[PDB]
Amino acid sequence: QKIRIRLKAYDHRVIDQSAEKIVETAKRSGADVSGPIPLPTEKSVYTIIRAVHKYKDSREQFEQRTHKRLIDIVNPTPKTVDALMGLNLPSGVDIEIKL
Amino acid sequence: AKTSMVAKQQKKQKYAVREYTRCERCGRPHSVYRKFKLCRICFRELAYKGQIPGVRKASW
Amino acid sequence: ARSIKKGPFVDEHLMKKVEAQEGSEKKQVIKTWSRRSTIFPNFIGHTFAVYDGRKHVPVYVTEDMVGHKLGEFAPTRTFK
Amino acid sequence: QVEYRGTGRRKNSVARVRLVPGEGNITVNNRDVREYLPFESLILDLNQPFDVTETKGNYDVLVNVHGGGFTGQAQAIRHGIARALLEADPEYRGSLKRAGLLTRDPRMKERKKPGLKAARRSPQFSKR
Amino acid sequence: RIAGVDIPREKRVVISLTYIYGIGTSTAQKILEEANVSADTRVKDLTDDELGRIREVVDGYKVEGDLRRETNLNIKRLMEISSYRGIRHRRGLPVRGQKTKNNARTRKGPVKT
Amino acid sequence: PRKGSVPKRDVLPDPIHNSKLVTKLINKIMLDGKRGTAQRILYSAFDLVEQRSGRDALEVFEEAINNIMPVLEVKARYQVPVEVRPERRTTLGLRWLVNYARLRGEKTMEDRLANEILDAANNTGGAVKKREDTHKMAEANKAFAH
Amino acid sequence: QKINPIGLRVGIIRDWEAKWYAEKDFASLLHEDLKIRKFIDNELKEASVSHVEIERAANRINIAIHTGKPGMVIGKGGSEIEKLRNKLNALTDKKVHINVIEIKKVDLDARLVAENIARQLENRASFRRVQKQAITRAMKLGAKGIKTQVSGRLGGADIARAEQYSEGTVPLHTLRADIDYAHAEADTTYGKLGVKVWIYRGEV
RNA sequence: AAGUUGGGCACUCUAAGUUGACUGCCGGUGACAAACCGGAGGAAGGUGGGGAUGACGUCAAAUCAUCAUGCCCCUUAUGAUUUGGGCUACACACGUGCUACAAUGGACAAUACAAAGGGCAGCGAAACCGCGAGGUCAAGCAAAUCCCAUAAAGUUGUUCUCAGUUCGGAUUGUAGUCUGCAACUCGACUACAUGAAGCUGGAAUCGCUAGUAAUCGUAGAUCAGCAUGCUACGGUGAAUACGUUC
RNA sequence: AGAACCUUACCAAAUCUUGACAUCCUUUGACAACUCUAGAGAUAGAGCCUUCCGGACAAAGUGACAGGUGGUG
Ligand SMILES: [Mg+2]
Ligand SMILES: [Mg+2]
Ligand SMILES: [Zn+2]
């Protein structure tokens, strides 16, 4: 009975600080926590022509990189479940909890 | 794009194949990205302003 | 339709126009913008005025023309 | 046990090498080196560290290698075997270092540049 | 000699059969399989019984004059009906929708600067 | 407009014959990075040369290269006879051997290479002719040696 | 020829103005943000807004408005901010929460300077004087350096030209340096005039 | 059957935080200099490789067709809507590519080794059917899990045997598949047949200094379908650089 | 960074003139997803018939006005 938390954010600093908070809250509730295991980063690269008309050779490359973190709550305790749902993370981070 | 063309793209076509994408900011027919729904010029402008989440200049 | 499972494609207006003309021997010209429509066996003996993009050009179906589109027998471009 | 372990990376290939007292037989992915690798030249490369330290025939090499191709994987083994030899004896460093076996080859594929056909290759230019 | 054509004696029969109009590599392999004649045997080393066996099978396929005549009629039909394709056959321009601003040399013949 | 000389790359000895030169020959034979075909051709050629010659393949190869390699060459500056460097001598020898082998009429490269290496040992190959021609033109320009 | 200073440093030293994560509905959220940003710009033209930061969480939009004049946007009794919120709520189904942050120094802000110089030019103010006053006020406030440029038919001249003035240091090539850049347009009778301001406040 | 699970986190990897390269140390040289050459140690040595980043200016250089805008012009029309056609024309000239001219190859068979990406109504396995392109049914999978997706060159055999061929694959006939509202003009792909030029290219001209060139496959954006283009990816992997007169 | 339609602008034919599109103003309440007929379709005419909160939103008429990938880089 492991509660799995998946975190995805565009910035790692937010994801790491969020990871620390979620792990702590569960550990404070006394649930065993393993992680936060870092999932391989996903990067999407967009190549666009820099100019408005012609000039194909000049290109600009942009990237959007999603940082992923996996957290597993080994032992489910009533306090932990409520606390994990209760935790308010920064706006950037996206959290998915599988119980 | 002309106002009528932008209007016609928005209107439901007789067939699905007839439907086409335009840049939502400016209505440019070509080079419209699906994820952002923006043309190449508009995408660049907004990325520079930091108004597209997560998008930054790429170097490697 | 090229796939066999789908039948040969004909525009309903074209087919219906031909089917109405079946009864009378003295057939009259059928004006069509349907270059895409297939020539069915039923079409034999009919003259279709198919649009070339500027004018409707008289096309008279013969046995050999069956299976080919109406557009095939009316040119869209002019050279020399 | 008496197992000496070293990791070798070449190009996009990585090799986990285990050196144990043996007859000098090499097994890669549970297959003979000669079966695994196409050319005998490749075999000469991976047995080079043994020659420098004169430890030929002392160790049987068991290798788990992933990534890259036959040359990369073969030369990945060479780096790993040498790294394992250092674990076996610290004295061998001088000999191994002089051969340049200890160095990890930093050469890697250069990215394609935008506006170029390749990393460096340029489109055919015509004035006029 | 098969289907009115003196096929090359020296070559293997799999290849020699392809010197007949209407027979290619795929067909030749089928005809030998039906006749149960080996592909490897050279025509010079073919046997009379084997040759007859091959001849029976090749008679099954439309070849040489029979095929040539059919192909010509289809093209003649297109030209007569005044099909787009037929008209291009008459003009000696690409029939299958290839661009003619450049190239089209196989159909147009050599350059006439 | 150049800073200076660049250090040259080095080759491991050939496994079969334990010669650095053999490795370099494979590199000249190789096309499009296809090492294996190049190695295959060379090793097969060395078998054929030994078979026909009845002498060690490396011996005849060494004898062949010695005949092909040129002591002097003309350089445009009037063409001036100049001494070929030891490293350049090998490059020209290997290049000429492979190129002239490719121009031979034998169906397979291995036979062409063996016929060339044998001929060069007898000092009779097209590559040998290339050296002789190079030496001739160098001697003609002896006055401009200075 | 020159990279946008903000664009180069976005995601390095400068955070994204938009702060939300989406996958399936990224396009929809972006376009909702774009309509909100446009509405605020038109609604608060009189108010001096440096930038708007949008955060999306729990089906709620959190808007942070950095304004030189906090009073105008908020309203005397907070009526104006509520009105803006209600208008935003009509535009967006999600609940909208607006936070107003005052800017202590309007002169140190590039957008506010750029908009000010544009507005003066529309009033037929001399292009030279307007830039010079802007650089002086910024330097008195302790900015490490400021650059100001106006481009177009500056004096109603038939041939357009760009004039720029600089003080202190503006290290565009230095990634560490946080440089505030903004462009504004002056809709003069002769044509559009473009004003760009680069401000280097300096480390802390 | 199988990392498959039981177990472990050793290793590998993943990705956060740190350590490392700075001429720091030691020899010479040099102006008591900056630098230079060589050495030690180090995974890496002299701005280690590559990228981003492009001063003041030049070309009244490109873009009023992304957008915006001064002025000008049209306004029962220079605005608007629909169906069809064109943008795909073809005596020719040019640029950039693709594929070849074979034996360092072609065909056939058996057998290995990547990286970097994409996916929700989307990727679609396995199985069955079709020569195949595909079809049917349908598992898993919003992703380090499932799927795209077996890399290919390669290696080992068998065969062909130097010619317009068992090279090459244009063209054309016919019979199909798929997408789509609909493949006539004008799609992609398949099967069978057909089987062009081409025998390595005049004058001339281009790219590249190493994981590069060359070569081999792989992926993505756009996208119903449609890539020899573009942007990325790894595999194999060279030759040469005396030198600065031109 | 995807021309069969669409895109698309260009051409031809068939059509419209507060207009495909915006704001305001006056008036009304469902405005229609739907079916049938004639049309190449646009569209028109018959059906219907449903929805709507001071007061939302959407129609009808007219005028203020719209529209231009027209020109000048
Ligand atoms: Mg075109
Ligand atoms: Mg200009
Ligand atoms: Zn746009």
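What you see below is based on every heavy atom in this structure, not just the backbone, and it leaves out hydrogens, waters and symmetry mates. Throughout, protein chains are lettered first and strands after them, A, B, ... in sequence-line order, and every chain is numbered starting at 1.
Scanning atom types as modelled, no donor and acceptor separated by under 3.5 angstrom connect the side chain of E:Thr71 and the base of H:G173. In this model, no side-chain donor or acceptor of D:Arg121 finds a partner on the base of H:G207 within 3.5 Å. A donor and an acceptor atom never sit less than 3.5 Å apart when one is taken from the side chain of E:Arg77 and the other from the base of H:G173. A donor and an acceptor atom never sit less than 3.5 Å apart when one is taken from the side chain of D:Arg120 and the other from the base of H:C208. A donor N or O paired with an acceptor N or O is found under 3.5 Å between the base of H:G176 and the side-chain atoms of C:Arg2. For B:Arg18 against I:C6, a side-chain-to-base donor-acceptor contact under 3.5 Å is absent. No donor-acceptor contact under 3.5 Å links the side chain of G:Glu23 to the base of H:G119. Judged by distance alone with a 3.5 Å cut-off, a donor-acceptor contact links the side chain of E:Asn102 to the base of H:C94. Side-chain N/O atoms of D:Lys97 and base N/O atoms of H:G41 include no donor-acceptor pair closer than 3.5 Å. Checked by distance alone, F:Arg102 brings a side-chain donor or acceptor within 3.5 Å of a matching partner on the base of H:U104. For a distance-only test at 3.5 Å, the side chain of C:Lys6 qualifies as a donor-acceptor partner of the base of H:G180. No N or O donor and acceptor, one from the side chain of B:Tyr33 and one from the base of H:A221, sit under 3.5 Å apart.
Listed pair E:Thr113 / H:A93 meets the phosphate criterion, a side-chain N or O lying under 4.0 Å from OP1 or OP2. Considering only side-chain N and O atoms, E:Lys112 lies under 4.0 angstrom from the phosphate OP1 or OP2 of H:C92. Distances shorter than 4.0 Å separate some side-chain N or O of E:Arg96 from OP1 or OP2 on H:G173. Contact annotation: C:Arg35 does not reach the phosphate of H:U83 (side-chain N/O to OP1 or OP2, under 4.0 Å). Applying the 4.0 Å criterion to OP1 and OP2 of H:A196, one finds that E:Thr106 has every side-chain N and O outside that range. At the phosphate of I:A40, neither OP1 nor OP2 sits under 4.0 Å from any side-chain N or O atom of C:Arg36. E:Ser26 has a side-chain polar atom (N or O) that falls below the 4.0 Å cut-off from OP1 or OP2 of H:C192. A sub-4.0 Å separation between OP1 or OP2 of H:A15 and a side-chain N or O of A:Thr41 is present. At H:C56, one or more side-chain N or O atoms of G:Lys2 fall inside 4.0 Å of OP1 or OP2 (strictly under the cut-off). Here F:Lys8 reaches the OP1 or OP2 of H:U240: one of its side-chain N or O atoms lies under 4.0 Å away.
Summarising the geometry, the separation between CZ on F:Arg88 and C1' on H:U240 is reported as 9 Å, rounded to the nearest angstrom. The distance from atom NZ of D:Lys11 to atom P of H:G211 is 11 Å, rounded to the nearest whole Å. Atom CZ of D:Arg5 and atom P of H:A10 are 11 Å apart (whole Å). We find that CD1 of A:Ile49 is positioned 13 Å from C1' of H:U66, with the value rounded to whole Å. Residue B:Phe43 contributes atom CZ, which lies 20 Å from atom P of H:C67 at whole-angstrom precision. Taking atom CZ on D:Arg107 and atom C1' on H:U236, their separation rounds to 13 Å, with Å as the unit. At whole-Å resolution of the value, CZ in A:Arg59 and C1' in I:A1 are 9 Å apart. Per the geometry, CD belonging to D:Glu35 stands 8 Å off P belonging to H:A112, to the nearest Å.
With no hydrogens or angles considered, a side-chain donor-acceptor pair links E:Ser26 and E:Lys30 at under 3.5 Å. A donor-acceptor contact closer than 3.5 angstrom links the side chains of D:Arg10 and D:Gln75.
Side-chain atoms of D:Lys109 lie closest to H:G234 of the nucleotides H:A183, H:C92, H:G234. The side chain of C:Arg77 has H:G86 as its nearest neighbour among H:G86, H:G97, H:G154. For A:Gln61, the listed nucleotide lying nearest its side chain is H:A232; candidates were H:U96, H:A232, H:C90. You'll find that the side chain of G:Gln1 is closest to H:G57, out of H:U69, H:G57, H:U104. Set against H:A239, I:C21, I:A3, the side chain of B:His30 has I:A3 as its closest nucleotide. Among H:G237, H:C11, H:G84, the nucleotide with an atom closest to any side-chain atom of D:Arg16 is H:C11. Distance from the side chain of A:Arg50 is smallest to H:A52 among H:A52, H:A144, H:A55. Considering only side-chain atoms of A:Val52, the nucleotide from H:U63, H:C162, I:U7 that sits closest is H:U63.
Judged by distance alone, the side chain of F:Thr91 and the main-chain N or O of F:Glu87 form a donor-acceptor pair under 3.5 Å. Looking only at distances, no side-chain donor or acceptor of D:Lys11 sits under 3.5 Å from a matching main-chain atom of D:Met108. For F:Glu110 (side chain) and F:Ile41 (main-chain N/O), no donor-acceptor pair under 3.5 Å exists by modelled atom type. Remark: side-chain polar atoms of B:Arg40 are paired, donor with acceptor, to backbone N or O of A:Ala51 under 3.5 angstrom. A donor-acceptor pair is defined here as one N or O able to donate and one able to accept, closer than 3.5 Å; no such pair exists between the side chain of D:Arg9 and the backbone of D:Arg104.
For residues 119-128 of chain D, the pairs satisfying salt bridge (charged side-chain N to carboxylate O under 4.0 Å, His left out) are D:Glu110-D:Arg120, with sequence neighbours left out.
Nucleotides I:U23 and I:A64 meet the pairing criterion: a Watson-Crick or G-U wobble pair with both donor-acceptor distances under 3.5 Å. Pairing check for H:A91 against H:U172: the Watson-Crick or wobble criterion is not satisfied at the 3.5 Å limit. Residues H:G154 and H:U111 show canonical Watson-Crick or G-U wobble pairing, with both defining distances under 3.5 Å. Judged by Watson-Crick and G-U wobble geometry, where both atom pairs must sit under 3.5 Å apart, H:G157 and H:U209 do not count as a base pair. Remark: H:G79 pairs with I:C16, satisfying the Watson-Crick or G-U wobble criterion at under 3.5 Å for both atom pairs. For H:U78 with H:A193, the Watson-Crick or G-U wobble criterion does not hold with each of the two distances under 3.5 Å. Entry note: H:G97 and H:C101 fail the pairing test, Watson-Crick or G-U wobble at under 3.5 angstrom for both distances.
Judged by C1'-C2'-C3'-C4', the furanose ring of I:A4 adopts a north pucker. H:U166: sugar pucker south (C1'-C2'-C3'-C4' torsion negative). For H:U23, the torsion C1'-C2'-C3'-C4' is below zero, which places the sugar in the south, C2'-endo range. On the basis of its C1'-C2'-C3'-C4' angle being positive, I:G54 carries a north sugar. The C1'-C2'-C3'-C4' torsion of H:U75 is negative. Its sugar is therefore classed as south.
Summary of the strand contacts: B:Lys11 and A:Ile48 both lie near RNA chain I, and taking for each the nucleotide with the nearest heavy atom, the more 5' one is attributed to A:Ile48.
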In a table with atom names and distances, give each donor-acceptor pair under 3.5 Å that connects a side chain of residues 99-113 of chain E to protein atoms at least two apart or in another chain.
residue  : atom : partner : partner atom : Å
E:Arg107 : NH1  : E:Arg88 : O            : 3.4
E:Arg107 : NH1  : E:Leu93 : O            : 2.6

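The side-chain ring of B:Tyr20 is not stacked on the base of I:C6, judged by centre separation under 5.5 angstrom and plane angle under 30 degrees.
For the pair F:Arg35 and D:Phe39, the cation does not sit on the ring face, since its NZ or CZ is not both under 6.0 Å from the ring centre and inside 45° of the axis.
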